[PDB]
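Enquirer: Starting off with a structure, shown below.
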Amino acid sequence: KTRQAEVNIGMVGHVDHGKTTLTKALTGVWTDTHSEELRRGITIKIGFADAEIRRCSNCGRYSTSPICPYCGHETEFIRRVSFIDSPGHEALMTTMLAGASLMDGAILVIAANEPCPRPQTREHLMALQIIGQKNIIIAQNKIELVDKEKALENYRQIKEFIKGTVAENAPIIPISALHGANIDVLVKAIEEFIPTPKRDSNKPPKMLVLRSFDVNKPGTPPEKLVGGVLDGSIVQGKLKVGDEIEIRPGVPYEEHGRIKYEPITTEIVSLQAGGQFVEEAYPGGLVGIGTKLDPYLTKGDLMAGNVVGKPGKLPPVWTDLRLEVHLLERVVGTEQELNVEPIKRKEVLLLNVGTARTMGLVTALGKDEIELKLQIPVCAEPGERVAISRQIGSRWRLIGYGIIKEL
Amino acid sequence: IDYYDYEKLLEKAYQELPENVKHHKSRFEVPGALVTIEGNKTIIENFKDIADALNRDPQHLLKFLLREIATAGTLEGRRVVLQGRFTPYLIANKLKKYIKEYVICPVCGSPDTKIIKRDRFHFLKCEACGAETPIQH
Ligand SMILES: Nc1nc2c(ncn2[C@@H]2O[C@H](COP(=O)(O)OP(=O)(O)O)[C@@H](O)[C@H]2O)c(=O)[nH]1
Ligand SMILES: [Mg+2]
Ligand SMILES: [Zn+2]
Ligand SMILES: [Zn+2]
């Protein structure tokens with residue numbers, strides 16, 4: 001196999017305790033071409049940052065760097081992981097609930113110089129709790145800003161905050177993303193906790209396309225210059241160069257009905273994963289598939305939201321949708337935004353499932369259940385969680401989530 | 001040391017914690033490292049700030065680094081270009097050492113140490129206590 005990323009670690013915590021700083025600090029050195037080190041995403045404004053967890057052969061300490069930060073000797077590769085960072089308390093929230101099938105663990109960053117449970121910090125623990133993500137590591141950051149008295153008071157606070165949650169058994173590592181205090185302890189913990197799960201590669205392939213492009217540019221060679229390319233997170237089984245795949249919703253056609261997407265099939269030419277090209281890619285990090293498809297079809301990220309797999313074995317496409325609605329008890333925001341009024345018949349909601357994003361029209365009401373017609377067909381497996389977001393002014397606010405039921 | 005013994009973890013976390021910030025005598029104006037790894041080169045564009053905060057020369061530090069590290073760099077308009085790839089902490093760890101053996105007085109900790117030269121020998125030091133440690137290490 002490859003030294004590609006083996007697990008997706010989510011960076012969650014308040015919007016200022018330092019999630020983005022710690023990420024860059026650990027991933028900076030693993031970004032060489034066409035990506036200066038850090039940026040947020042598409043509709044799930046999700047961002048993937050790779051990092052190679054290594055062990056210093058001389059001092060025996062862990063880091064995310066090739067040359068031991070301390071002694072200076074060469075480190076050894078142990079594993080490759082990928083952090084999912086995202087500026088925007090909402091976007092992260094939406095991503096987590098919707099594509100919970102992407103994360104394998106999460107690092108809860110909680111600033112030590114502020115009351116433990118901050119409005120936003122609660123919502124993530126709330127999201128992590130809803131998607132059954134128990135593999136959590138707590139990073140009490142900015143330890144250099146609180147004397148040992150406050151630190152212990154914070155520690156305690158955190159402990160009371162997590163008891164009775166999925167992060168109830170998570171370590172509380174005091175660190176300094178700024179100076180690097182205990183980063184070695186942390187990195188090591190990512191191995192102790194959040195290990196690569198046992199996945200049966202033989203399961204039929206499924207990838208959630210996060211982006212689609214046309215790497216073509218007036219470079220002009222007309223020969224075998226690459227066709228359509230998709231970037232996503234394999235979430236089941238595996239993709240292999242030379243594989244015949246079936247894209248999901250598909251390409252639209254000329255109004256017989258009004259709008260209709262037909263599933264399309266293509267052949268995988270290339271696969272980038274870990275910065276290099278492989279003949280076989282696996283879940284963990286981002287995967288860049290090369291197809292024989294007309295770039296004219298993937299250009300501008302039109303394919304984004306689709307799912308890939310082997311012809312025949314894919315999820316069921318939907319044109320309508322009923323859901324087991326579960327409104328959330330949100331704390332971040334303003335009282336108005338806060339107490340969500342229940343969804344209404346005819347309201348236009350914003351839906352998130354997998355990497356697909358679409359508007360839906362409430363055409364029915366029941367007891368903690370609703371119906372919706374989709375603006376864009378979405379490929380989904382029943383039972384999968386769908387993020388539901390209502391407008392509220394000019395913005396879109398996440399008010400809850402629904403559970404895919406059959407109609 | 002297990003991850004559940006927060007206490008030890010806390011003290012382990014404060015030794016790495018810098019001088020100026022770690023203990024009693026605190027030069028406190030040292031702003032942390034700002035590292036940008038572009039293409040195949042590391043650039044700390046916050047350099048001037050560091051030196052000017054440590055009241056040390058600009059090139060006196062460019063050197064201490066290329067020493068503890070094995071790359072080549074040039075200073076320019078308050079920034080520095082390093083020839084390879086280096087994580088913010090690698091550098092973060094080297095500045096820590098500089099402050100320790102080139103900016104602090106070992107008898108009476110004082111950010112007020114200064115580089116002096118009274119012979120071809122570099123004895124540099126203290127404007128507060130007067131101790132003149134021989135620093136080339
Ligand atoms: N003193 C100190 N500041 C930090 C540390 N980690 C992050 N910060 C600062 O906290 C602020 C940023 O947190 P940031 O990266 O913006 O947080 P985010 O909002 O969750 O994306 C910045 O000013 C950081 O440089 C740390 O370990 N020590
Ligand atoms: Mg951010
Ligand atoms: Zn070492
Ligand atoms: Zn002195």
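Residues are named by chain letter and number: chains run A, B, ... in the order of the structure tokens, numbers start at 1 in each chain, and ligands are numbered from 1 in the order shown.
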Could you pull the residues within 10 Å of residue 333 in chain A, counting only C-alpha atoms, minus those fewer than 3 positions along the same chain, as a list in words?
Expert: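 Skipping anything fewer than 3 positions along the chain leaves residues 119, 120, 330, 336, 337, 338, 339 and 397 of chain A.
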Enquirer: Atoms to include: N, CA and C atoms. Write the selected residues as a PDB file, in the first residue's frame.
Expert:
ATOM      1  N   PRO A 119     -19.418  29.099  24.293  1.00  0.00           N
ATOM      2  CA  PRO A 119     -20.563  28.869  23.413  1.00  0.00           C
ATOM      3  C   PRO A 119     -20.273  27.939  22.247  1.00  0.00           C
ATOM      4  N   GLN A 120     -19.193  28.202  21.527  1.00  0.00           N
ATOM      5  CA  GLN A 120     -18.857  27.369  20.391  1.00  0.00           C
ATOM      6  C   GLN A 120     -18.258  26.015  20.761  1.00  0.00           C
ATOM      7  N   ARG A 330     -28.960  24.912  20.184  1.00  0.00           N
ATOM      8  CA  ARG A 330     -27.808  25.778  19.950  1.00  0.00           C
ATOM      9  C   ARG A 330     -27.637  26.865  21.012  1.00  0.00           C
ATOM     10  N   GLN A 336     -32.636  35.589  19.021  1.00  0.00           N
ATOM     11  CA  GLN A 336     -33.498  35.407  17.855  1.00  0.00           C
ATOM     12  C   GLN A 336     -33.015  34.130  17.184  1.00  0.00           C
ATOM     13  N   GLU A 337     -31.850  34.229  16.551  1.00  0.00           N
ATOM     14  CA  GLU A 337     -31.233  33.102  15.865  1.00  0.00           C
ATOM     15  C   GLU A 337     -31.332  31.840  16.716  1.00  0.00           C
ATOM     16  N   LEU A 338     -31.127  32.000  18.019  1.00  0.00           N
ATOM     17  CA  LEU A 338     -31.148  30.878  18.946  1.00  0.00           C
ATOM     18  C   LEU A 338     -32.392  29.996  18.912  1.00  0.00           C
ATOM     19  N   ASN A 339     -33.450  30.411  19.605  1.00  0.00           N
ATOM     20  CA  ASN A 339     -34.669  29.608  19.653  1.00  0.00           C
ATOM     21  C   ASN A 339     -35.301  29.400  18.288  1.00  0.00           C
ATOM     22  N   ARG A 397     -28.202  29.585   8.749  1.00  0.00           N
ATOM     23  CA  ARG A 397     -27.860  29.068  10.062  1.00  0.00           C
ATOM     24  C   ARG A 397     -28.306  27.621  10.232  1.00  0.00           C
TER      25      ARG A 397
END
Enquirer: Can you tell me, as a list in words, what residues are no more than 12 Å from residue 382 in chain A when counting only C-alpha atoms, ignoring any on the same chain fewer than 5 positions away?
Expert: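 Returned residues: residues 314, 315, 316, 317, 318, 321, 322, 323, 324, 353, 402, 403, 404, 405, 406 and 407 of chain A.
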Enquirer: Which residues come within 12 Å of range 73-77 of chain B, counting only C-alpha atoms, excluding same-chain residues fewer than 6 positions away, as a list in words?
Expert: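 Counting only the stated atoms, we get residues 41, 42, 43, 44, 45, 46, 47, 48, 49, 51, 57, 58, 59, 60, 61, 62, 63, 64, 65, 66, 67, 83, 84 and 85 of chain B.
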Enquirer: Can you spit out the residues from that selection as a PDB file, in the first residue's frame, using N, CA and C atoms?
Expert:
ATOM      1  N   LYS B  41      11.325  26.193   0.511  1.00  0.00           N
ATOM      2  CA  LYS B  41      12.112  27.097   1.340  1.00  0.00           C
ATOM      3  C   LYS B  41      11.298  27.580   2.537  1.00  0.00           C
ATOM      4  N   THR B  42      11.968  27.715   3.674  1.00  0.00           N
ATOM      5  CA  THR B  42      11.327  28.169   4.899  1.00  0.00           C
ATOM      6  C   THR B  42      11.632  29.649   5.095  1.00  0.00           C
ATOM      7  N   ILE B  43      10.613  30.442   5.413  1.00  0.00           N
ATOM      8  CA  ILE B  43      10.829  31.867   5.613  1.00  0.00           C
ATOM      9  C   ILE B  43      10.193  32.417   6.882  1.00  0.00           C
ATOM     10  N   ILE B  44      11.037  32.949   7.758  1.00  0.00           N
ATOM     11  CA  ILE B  44      10.581  33.542   9.002  1.00  0.00           C
ATOM     12  C   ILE B  44      10.640  35.046   8.737  1.00  0.00           C
ATOM     13  N   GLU B  45       9.479  35.605   8.422  1.00  0.00           N
ATOM     14  CA  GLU B  45       9.341  37.020   8.097  1.00  0.00           C
ATOM     15  C   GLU B  45       9.026  37.879   9.313  1.00  0.00           C
ATOM     16  N   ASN B  46       9.280  37.327  10.492  1.00  0.00           N
ATOM     17  CA  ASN B  46       9.032  38.027  11.742  1.00  0.00           C
ATOM     18  C   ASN B  46      10.375  38.281  12.418  1.00  0.00           C
ATOM     19  N   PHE B  47      11.434  37.823  11.754  1.00  0.00           N
ATOM     20  CA  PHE B  47      12.813  37.937  12.224  1.00  0.00           C
ATOM     21  C   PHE B  47      13.176  39.242  12.928  1.00  0.00           C
ATOM     22  N   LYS B  48      13.184  40.350  12.184  1.00  0.00           N
ATOM     23  CA  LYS B  48      13.532  41.650  12.758  1.00  0.00           C
ATOM     24  C   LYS B  48      12.926  41.781  14.142  1.00  0.00           C
ATOM     25  N   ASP B  49      11.629  41.503  14.223  1.00  0.00           N
ATOM     26  CA  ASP B  49      10.899  41.589  15.475  1.00  0.00           C
ATOM     27  C   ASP B  49      11.626  40.822  16.569  1.00  0.00           C
ATOM     28  N   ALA B  51      14.962  39.642  16.759  1.00  0.00           N
ATOM     29  CA  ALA B  51      16.232  40.292  17.071  1.00  0.00           C
ATOM     30  C   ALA B  51      16.028  41.620  17.802  1.00  0.00           C
ATOM     31  N   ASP B  57      21.936  41.754  17.358  1.00  0.00           N
ATOM     32  CA  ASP B  57      22.129  42.054  15.949  1.00  0.00           C
ATOM     33  C   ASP B  57      21.181  41.210  15.107  1.00  0.00           C
ATOM     34  N   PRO B  58      21.061  41.536  13.814  1.00  0.00           N
ATOM     35  CA  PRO B  58      20.183  40.786  12.914  1.00  0.00           C
ATOM     36  C   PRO B  58      20.904  39.547  12.398  1.00  0.00           C
ATOM     37  N   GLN B  59      22.135  39.754  11.942  1.00  0.00           N
ATOM     38  CA  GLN B  59      22.954  38.679  11.397  1.00  0.00           C
ATOM     39  C   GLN B  59      23.610  37.811  12.448  1.00  0.00           C
ATOM     40  N   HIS B  60      23.586  38.260  13.696  1.00  0.00           N
ATOM     41  CA  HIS B  60      24.185  37.465  14.748  1.00  0.00           C
ATOM     42  C   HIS B  60      23.289  36.260  14.978  1.00  0.00           C
ATOM     43  N   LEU B  61      22.009  36.426  14.663  1.00  0.00           N
ATOM     44  CA  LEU B  61      21.046  35.354  14.838  1.00  0.00           C
ATOM     45  C   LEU B  61      20.943  34.510  13.573  1.00  0.00           C
ATOM     46  N   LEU B  62      20.982  35.161  12.413  1.00  0.00           N
ATOM     47  CA  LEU B  62      20.917  34.444  11.143  1.00  0.00           C
ATOM     48  C   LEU B  62      21.957  33.334  11.236  1.00  0.00           C
ATOM     49  N   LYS B  63      23.106  33.671  11.811  1.00  0.00           N
ATOM     50  CA  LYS B  63      24.196  32.719  11.964  1.00  0.00           C
ATOM     51  C   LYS B  63      23.915  31.613  12.973  1.00  0.00           C
ATOM     52  N   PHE B  64      23.574  31.982  14.205  1.00  0.00           N
ATOM     53  CA  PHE B  64      23.292  30.985  15.233  1.00  0.00           C
ATOM     54  C   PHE B  64      22.366  29.899  14.703  1.00  0.00           C
ATOM     55  N   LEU B  65      21.485  30.279  13.785  1.00  0.00           N
ATOM     56  CA  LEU B  65      20.550  29.336  13.190  1.00  0.00           C
ATOM     57  C   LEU B  65      21.263  28.417  12.219  1.00  0.00           C
ATOM     58  N   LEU B  66      21.731  28.982  11.110  1.00  0.00           N
ATOM     59  CA  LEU B  66      22.442  28.207  10.104  1.00  0.00           C
ATOM     60  C   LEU B  66      23.485  27.318  10.768  1.00  0.00           C
ATOM     61  N   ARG B  67      23.774  27.587  12.039  1.00  0.00           N
ATOM     62  CA  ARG B  67      24.731  26.777  12.784  1.00  0.00           C
ATOM     63  C   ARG B  67      23.975  25.567  13.308  1.00  0.00           C
ATOM     64  N   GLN B  83      16.941  27.821   3.058  1.00  0.00           N
ATOM     65  CA  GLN B  83      16.992  26.924   1.903  1.00  0.00           C
ATOM     66  C   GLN B  83      16.232  25.599   1.906  1.00  0.00           C
ATOM     67  N   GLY B  84      15.635  25.221   3.028  1.00  0.00           N
ATOM     68  CA  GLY B  84      14.912  23.963   3.050  1.00  0.00           C
ATOM     69  C   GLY B  84      13.542  24.074   3.675  1.00  0.00           C
ATOM     70  N   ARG B  85      13.111  22.997   4.315  1.00  0.00           N
ATOM     71  CA  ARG B  85      11.821  22.979   4.978  1.00  0.00           C
ATOM     72  C   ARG B  85      12.012  22.773   6.463  1.00  0.00           C
TER      73      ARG B  85
END
Enquirer: Run DSSP on the backbone and tell me which residues of range 5-123 of chain B come out as strand (DSSP E or B); list them as number ranges by chain.
Expert: B: 35-38, 41-44, 73-76, 79-82, 123
Enquirer: Which residues of chain A are close to chain B, meaning at most 7 Å apart when you count only C-alpha atoms, and how do they look as an mmCIF file with N, CA and C atoms, in the first residue's frame?
Expert:
data_model
loop_
_atom_site.group_PDB
_atom_site.id
_atom_site.type_symbol
_atom_site.label_atom_id
_atom_site.label_comp_id
_atom_site.auth_asym_id
_atom_site.auth_seq_id
_atom_site.Cartn_x
_atom_site.Cartn_y
_atom_site.Cartn_z
ATOM 1 N N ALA A 25 1.200 24.734 12.016
ATOM 2 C CA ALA A 25 2.430 24.368 12.702
ATOM 3 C C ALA A 25 2.819 22.915 12.463
ATOM 4 N N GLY A 28 2.565 22.594 7.983
ATOM 5 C CA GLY A 28 3.349 23.462 7.126
ATOM 6 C C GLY A 28 4.335 22.741 6.220
ATOM 7 N N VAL A 29 5.193 21.929 6.823
ATOM 8 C CA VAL A 29 6.225 21.199 6.098
ATOM 9 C C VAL A 29 5.768 20.071 5.167
ATOM 10 N N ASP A 32 4.086 21.070 -0.804
ATOM 11 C CA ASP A 32 5.061 21.530 -1.789
ATOM 12 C C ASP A 32 4.619 22.253 -3.057
ATOM 13 N N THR A 33 3.674 21.714 -3.822
ATOM 14 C CA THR A 33 3.291 22.438 -5.032
ATOM 15 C C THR A 33 1.805 22.658 -5.333
ATOM 16 N N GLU A 36 0.368 26.920 -1.230
ATOM 17 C CA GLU A 36 1.275 27.495 -0.270
ATOM 18 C C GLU A 36 0.481 26.913 0.928
ATOM 19 N N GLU A 37 1.132 26.664 2.056
ATOM 20 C CA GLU A 37 0.528 25.983 3.213
ATOM 21 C C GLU A 37 -0.882 25.940 3.805
ATOM 22 N N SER A 65 7.964 16.709 11.967
ATOM 23 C CA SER A 65 9.080 17.167 11.153
ATOM 24 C C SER A 65 10.153 16.143 10.802
ATOM 25 N N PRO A 69 13.133 18.329 15.847
ATOM 26 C CA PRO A 69 13.149 19.722 16.291
ATOM 27 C C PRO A 69 14.183 19.992 17.376
ATOM 28 N N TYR A 70 14.417 18.998 18.225
ATOM 29 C CA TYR A 70 15.343 19.144 19.343
ATOM 30 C C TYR A 70 16.799 18.745 19.096
ATOM 31 N N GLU A 144 1.048 28.904 28.229
ATOM 32 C CA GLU A 144 2.006 29.941 28.593
ATOM 33 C C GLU A 144 1.338 31.233 29.032
ATOM 34 N N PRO A 171 -7.609 12.492 26.894
ATOM 35 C CA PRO A 171 -6.515 13.116 27.641
ATOM 36 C C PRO A 171 -6.605 14.629 27.521
ATOM 37 N N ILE A 172 -6.067 15.332 28.509
ATOM 38 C CA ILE A 172 -6.070 16.783 28.489
ATOM 39 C C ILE A 172 -4.617 17.208 28.465
ATOM 40 N N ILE A 173 -4.111 17.423 27.259
ATOM 41 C CA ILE A 173 -2.724 17.795 27.075
ATOM 42 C C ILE A 173 -2.478 19.290 27.030
ATOM 43 N N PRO A 174 -1.748 19.801 28.028
ATOM 44 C CA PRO A 174 -1.402 21.218 28.150
ATOM 45 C C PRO A 174 -0.352 21.513 27.092
ATOM 46 N N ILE A 175 -0.648 22.415 26.167
ATOM 47 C CA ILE A 175 0.328 22.713 25.134
ATOM 48 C C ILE A 175 0.385 24.180 24.765
ATOM 49 N N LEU A 178 1.921 27.934 19.952
ATOM 50 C CA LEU A 178 2.811 29.027 19.567
ATOM 51 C C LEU A 178 4.284 28.680 19.747
ATOM 52 N N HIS A 179 4.656 28.206 20.933
ATOM 53 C CA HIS A 179 6.053 27.865 21.202
ATOM 54 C C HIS A 179 6.372 26.388 20.999
ATOM 55 N N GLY A 180 5.340 25.548 20.978
ATOM 56 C CA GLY A 180 5.541 24.121 20.775
ATOM 57 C C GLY A 180 5.728 23.313 22.045
ATOM 58 N N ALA A 181 5.107 23.766 23.126
ATOM 59 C CA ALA A 181 5.215 23.094 24.414
ATOM 60 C C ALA A 181 4.353 21.846 24.511
ATOM 61 N N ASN A 182 4.993 20.688 24.392
ATOM 62 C CA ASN A 182 4.325 19.392 24.461
ATOM 63 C C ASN A 182 3.777 18.909 23.128
#
Enquirer: Can I get the residues close to ligand 2 as a list in words, where close means within 9 Å and we count only C-alpha atoms and all ligand atoms?
Expert: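 For ligand 2, the residues inside 9 Å are residues 15, 16, 18, 19, 20, 21, 40, 85, 86, 87 and 88 of chain A.
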Enquirer: Residues of chain A that approach ligand 3 to 10 Å or less, counting only C-alpha atoms and all ligand atoms: could you list each one with the shortest pair of atoms and its distance in Å to one decimal, rows by chain and increasing residue number, as CSV?
Expert:
residue,atom,partner,partner_atom_place_in_ligand_line,distance
A:55,CA,ligand 3,1 (Zn),8.0
A:56,CA,ligand 3,1 (Zn),4.6
A:57,CA,ligand 3,1 (Zn),6.6
A:58,CA,ligand 3,1 (Zn),5.1
A:59,CA,ligand 3,1 (Zn),3.9
A:60,CA,ligand 3,1 (Zn),5.9
A:61,CA,ligand 3,1 (Zn),5.8
A:62,CA,ligand 3,1 (Zn),8.1
A:63,CA,ligand 3,1 (Zn),9.1
A:67,CA,ligand 3,1 (Zn),8.1
A:68,CA,ligand 3,1 (Zn),4.7
A:69,CA,ligand 3,1 (Zn),6.7
A:70,CA,ligand 3,1 (Zn),5.2
A:71,CA,ligand 3,1 (Zn),4.2
A:72,CA,ligand 3,1 (Zn),6.0
A:73,CA,ligand 3,1 (Zn),6.0
A:74,CA,ligand 3,1 (Zn),8.0
A:75,CA,ligand 3,1 (Zn),7.5
Enquirer: Mind writing the picked residues with N, CA, C and O atoms as a CSV table (one decimal), in the first residue's frame?
Expert:
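Dumped everything to out21.csv:
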chain,number,residue,atom,x,y,z
A,55,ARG,N,9.1,9.7,14.3
A,55,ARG,CA,9.8,9.4,15.6
A,55,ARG,C,11.3,9.6,15.5
A,55,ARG,O,12.0,9.0,14.7
A,56,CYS,N,11.8,10.5,16.4
A,56,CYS,CA,13.3,10.7,16.4
A,56,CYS,C,14.0,9.5,16.9
A,56,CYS,O,13.8,9.0,18.0
A,57,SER,N,14.8,9.0,16.0
A,57,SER,CA,15.6,7.8,16.4
A,57,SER,C,16.7,8.0,17.5
A,57,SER,O,17.0,7.0,18.1
A,58,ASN,N,17.1,9.2,17.6
A,58,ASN,CA,18.1,9.5,18.6
A,58,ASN,C,17.6,9.8,20.0
A,58,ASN,O,18.0,9.2,21.0
A,59,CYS,N,16.7,10.8,20.1
A,59,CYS,CA,16.1,11.2,21.4
A,59,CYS,C,14.9,10.3,21.7
A,59,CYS,O,14.5,10.2,22.9
A,60,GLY,N,14.2,9.8,20.7
A,60,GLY,CA,13.0,9.0,20.8
A,60,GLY,C,11.7,9.8,20.9
A,60,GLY,O,10.7,9.2,21.2
A,61,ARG,N,11.7,11.1,20.6
A,61,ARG,CA,10.5,11.9,20.6
A,61,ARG,C,9.8,12.0,19.3
A,61,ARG,O,10.4,11.9,18.2
A,62,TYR,N,8.5,12.3,19.4
A,62,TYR,CA,7.7,12.5,18.2
A,62,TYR,C,7.5,13.9,17.7
A,62,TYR,O,7.5,14.8,18.6
A,63,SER,N,7.3,14.1,16.5
A,63,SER,CA,7.1,15.4,15.9
A,63,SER,C,6.5,15.2,14.5
A,63,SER,O,6.2,14.1,14.1
A,67,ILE,N,13.5,16.6,10.4
A,67,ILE,CA,14.6,16.8,11.2
A,67,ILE,C,14.2,17.0,12.7
A,67,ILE,O,13.5,18.0,12.9
A,68,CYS,N,14.5,16.1,13.6
A,68,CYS,CA,14.1,16.3,15.0
A,68,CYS,C,14.3,17.7,15.4
A,68,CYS,O,15.3,18.3,15.4
A,69,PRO,N,13.1,18.3,15.8
A,69,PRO,CA,13.1,19.7,16.3
A,69,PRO,C,14.2,20.0,17.4
A,69,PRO,O,14.8,21.1,17.4
A,70,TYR,N,14.4,19.0,18.2
A,70,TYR,CA,15.3,19.1,19.3
A,70,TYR,C,16.8,18.7,19.1
A,70,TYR,O,17.7,19.6,19.0
A,71,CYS,N,17.1,17.4,19.1
A,71,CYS,CA,18.5,17.0,18.8
A,71,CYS,C,19.0,17.4,17.5
A,71,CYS,O,20.2,17.8,17.3
A,72,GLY,N,18.2,17.2,16.4
A,72,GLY,CA,18.6,17.6,15.1
A,72,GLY,C,18.8,16.4,14.1
A,72,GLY,O,19.1,16.6,13.0
A,73,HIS,N,18.7,15.2,14.6
A,73,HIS,CA,18.9,14.0,13.8
A,73,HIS,C,17.7,13.8,12.9
A,73,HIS,O,16.6,14.4,13.0
A,74,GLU,N,17.8,12.8,12.0
A,74,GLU,CA,16.8,12.4,11.1
A,74,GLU,C,15.7,11.6,11.8
A,74,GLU,O,16.0,10.7,12.6
A,75,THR,N,14.4,11.9,11.5
A,75,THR,CA,13.4,11.2,12.1
A,75,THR,C,12.9,10.0,11.2
A,75,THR,O,13.3,9.9,10.1
Enquirer: So how many Å separate CA of residue 340 in chain A and CA of residue 328 in chain A, to one decimal?
Expert: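 Interatomic distance here is 8.5 Å.
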Enquirer: Could you work out how far CA of residue 126 in chain A lies from atom 10 (O, counted along the ligand's line) of ligand 1, giving the answer in Å with one decimal?
Expert: 22.9 Å
Enquirer: May I have the residues within 10 Å of ligand 4, computed using only C-alpha atoms and all ligand atoms, as a tab-separated table (two decimals) with N, CA, C and O atoms, in the first residue's frame?
Expert:
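Heads up, here's the output in selection_16.tsv:
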chain	number	residue	atom	x	y	z
B	104	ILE	N	20.79	35.86	27.77
B	104	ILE	CA	20.48	35.83	29.19
B	104	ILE	C	21.70	35.60	30.07
B	104	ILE	O	22.61	34.86	29.71
B	105	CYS	N	21.70	36.26	31.22
B	105	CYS	CA	22.79	36.16	32.19
B	105	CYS	C	22.54	34.98	33.13
B	105	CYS	O	21.56	34.96	33.86
B	106	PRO	N	23.45	33.98	33.11
B	106	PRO	CA	23.36	32.78	33.95
B	106	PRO	C	23.54	32.95	35.47
B	106	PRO	O	23.19	32.05	36.23
B	107	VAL	N	24.10	34.08	35.89
B	107	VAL	CA	24.28	34.34	37.32
B	107	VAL	C	23.07	35.11	37.81
B	107	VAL	O	22.45	34.75	38.81
B	108	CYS	N	22.74	36.19	37.10
B	108	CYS	CA	21.57	36.99	37.43
B	108	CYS	C	20.81	37.14	36.12
B	108	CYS	O	21.11	38.02	35.31
B	109	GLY	N	19.84	36.26	35.90
B	109	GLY	CA	19.06	36.30	34.68
B	109	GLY	C	18.63	37.70	34.30
B	109	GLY	O	17.92	38.36	35.06
B	110	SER	N	19.07	38.17	33.14
B	110	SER	CA	18.71	39.51	32.70
B	110	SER	C	18.76	39.64	31.19
B	110	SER	O	19.79	39.39	30.57
B	111	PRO	N	17.64	40.03	30.58
B	111	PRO	CA	17.57	40.20	29.12
B	111	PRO	C	18.54	41.31	28.74
B	111	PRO	O	18.84	41.52	27.57
B	112	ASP	N	19.02	42.00	29.77
B	112	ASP	CA	19.94	43.11	29.60
B	112	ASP	C	21.37	42.73	29.25
B	112	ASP	O	22.25	43.60	29.22
B	113	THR	N	21.63	41.45	29.01
B	113	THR	CA	22.98	41.07	28.64
B	113	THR	C	23.22	41.70	27.28
B	113	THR	O	22.28	41.97	26.54
B	114	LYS	N	24.48	41.97	26.96
B	114	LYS	CA	24.81	42.59	25.69
B	114	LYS	C	26.11	42.00	25.18
B	114	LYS	O	26.97	41.61	25.96
B	125	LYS	N	28.29	40.29	27.73
B	125	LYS	CA	27.43	40.30	28.92
B	125	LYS	C	27.07	41.47	29.83
B	125	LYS	O	27.63	42.56	29.80
B	126	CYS	N	26.07	41.12	30.64
B	126	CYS	CA	25.40	41.89	31.67
B	126	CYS	C	25.71	43.33	32.03
B	126	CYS	O	26.80	43.66	32.50
B	127	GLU	N	24.70	44.18	31.84
B	127	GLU	CA	24.78	45.60	32.14
B	127	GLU	C	24.15	45.86	33.51
B	127	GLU	O	24.18	46.98	34.02
B	128	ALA	N	23.56	44.82	34.10
B	128	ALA	CA	22.91	44.93	35.40
B	128	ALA	C	23.78	44.40	36.54
B	128	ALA	O	23.98	45.08	37.54
B	129	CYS	N	24.30	43.18	36.39
B	129	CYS	CA	25.14	42.58	37.42
B	129	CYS	C	26.62	42.81	37.15
B	129	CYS	O	27.40	43.02	38.08
B	130	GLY	N	27.01	42.76	35.88
B	130	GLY	CA	28.40	42.98	35.54
B	130	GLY	C	29.17	41.72	35.19
B	130	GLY	O	30.33	41.79	34.81
B	131	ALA	N	28.53	40.56	35.34
B	131	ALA	CA	29.18	39.30	35.01
B	131	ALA	C	29.47	39.28	33.52
B	131	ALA	O	28.61	39.63	32.71
B	132	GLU	N	30.69	38.89	33.15
B	132	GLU	CA	31.07	38.86	31.75
B	132	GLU	C	31.36	37.45	31.27
B	132	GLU	O	32.51	37.07	31.07
B	133	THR	N	30.30	36.67	31.08
B	133	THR	CA	30.44	35.30	30.61
B	133	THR	C	31.10	35.28	29.24
B	133	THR	O	30.92	36.20	28.44
Enquirer: With only C-alpha atoms as the counted atoms, please give the residues lying no more than 9 Å from residue 115 in chain A, apart from itself and same-chain residues fewer than 4 positions off, as a PyMOL selection string.
Expert: chain A and resi 111+154+157
Enquirer: Neighbouring residues of residue 289 in chain A were defined as those with any atom within 9 Å, considering only C-alpha atoms; residues of the same chain fewer than 5 positions away were excluded. Please report them as an MDAnalysis selection string.
Expert: chainID A and resid 228:232 239 241 268:272
Enquirer: Which one of A:311, A:295, A:218, A:275 sits closest to residue 49 in chain A if you count only C-alpha atoms?
Expert: A:275
Enquirer: For CA of residue 108 in chain A and CA of residue 13 in chain A, determine how far apart the two atoms are, in Å to one decimal place.
Expert: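 Atom-to-atom, CA of residue 108 in chain A to CA of residue 13 in chain A, that is 5.2 Å.
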Enquirer: Quick one: residues within 8 Å of residue 20 in chain B, only C-alpha atoms counted, chain neighbours fewer than 4 positions away excluded, as number ranges by chain?
Expert: B: 25-28, 30, 111
Enquirer: As a ChimeraX atom specification, please: every residue in range 46-114 of chain B that DSSP puts in helix (DSSP H, G or I).
Expert: /B:47-54,59-68,88-102
Enquirer: Which residue out of A:27, A:129, A:121, A:202 has the minimum interatomic distance to ligand 1 when only C-alpha atoms and all ligand atoms are used?
Expert: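 Smallest distance to ligand 1 is found for A:121.
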